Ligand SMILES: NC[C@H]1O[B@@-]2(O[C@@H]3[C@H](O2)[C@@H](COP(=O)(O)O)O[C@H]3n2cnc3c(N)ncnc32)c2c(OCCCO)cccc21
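Below you'll find only one chain, the form deposited without this ligand, shown as structure tokens.
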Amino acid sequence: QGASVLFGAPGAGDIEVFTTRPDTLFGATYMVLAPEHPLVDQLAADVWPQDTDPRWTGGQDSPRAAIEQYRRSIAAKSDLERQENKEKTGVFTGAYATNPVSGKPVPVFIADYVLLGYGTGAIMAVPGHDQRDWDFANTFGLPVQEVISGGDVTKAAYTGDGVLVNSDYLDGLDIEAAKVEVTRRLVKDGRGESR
């Protein structure tokens, strides 16, 4: 029903996520990793790229500084404290992963509501069609992309039924067919499997 999805990160191997909505993969506009994720240190960019939003930096000079300050601000928090967090916190790593189907860049964030041990340690965020993502995106200014017609993503995530849009060669497909097509492409390209 769902899918495991591998996002390529330059020079650092793969970031694995699990999603129940592989059909929304063209709508993934960012990734969120657990702050303790083993790849975070390698992903940290030398400088903030020009597309960095000042709400993503913690006010720090560099990705490394933002990451180590964030890690310290959350080190004491319990694991339910983190996962049910009503406040959205996080920082940008500077890094971009490759969308395994569309090939587009996906900025990589860390945030304490993602935890090691309770899942893959990374999620793919589709704010257009996942309310939790919509709220996190809303506080930081992350992009919000509609890929399922039928709602209004400027106001809230659309979790209902509709056909695919803004999804290249998936355009017009039913959600159930798009789920399979994305899974089969991942399998064929060695970038995931059904789960």
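The first residue of the shown sequence is 1; numbering continues from there.
The protein also exists as the form solved in complex with this ligand; that form is not presented, and the subsequent description refers to it.
> What I'd like checked is whether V182, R185 and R191 together line this ligand in the deposited complex, meaning each has a non-hydrogen atom within 4.5 Å of it.
Contact check failed for every one of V182, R185 and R191.
> Is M124 a contact residue for this ligand in the deposited complex, using a 4.5 Å heavy atom cut-off?
Yes, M124 lies within 4.5 Å of this ligand in the deposited complex.
> Quick check on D133: any heavy atom within 4.5 Å of this ligand in the deposited complex?
Result yes; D133 sits at the interface with this ligand in the deposited complex.
> Counting only non-hydrogen atoms and a 4.5 angstroms cut-off, does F109 reach this ligand in the deposited complex?
Contact with this ligand, no.
> Is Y113 close enough to touch this ligand in the deposited complex, meaning at least one heavy atom pair within 4.5 Å?
Taking the distances in the deposited complex, the answer for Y113 is yes, it comes within 4.5 Å of this ligand.
> 66-74, 45-53, 125-133, 166-174: which one contacts this ligand in the deposited complex at 4.5 Å, heavy atom to heavy atom?
One stretch meets the cut-off, namely 125-133.
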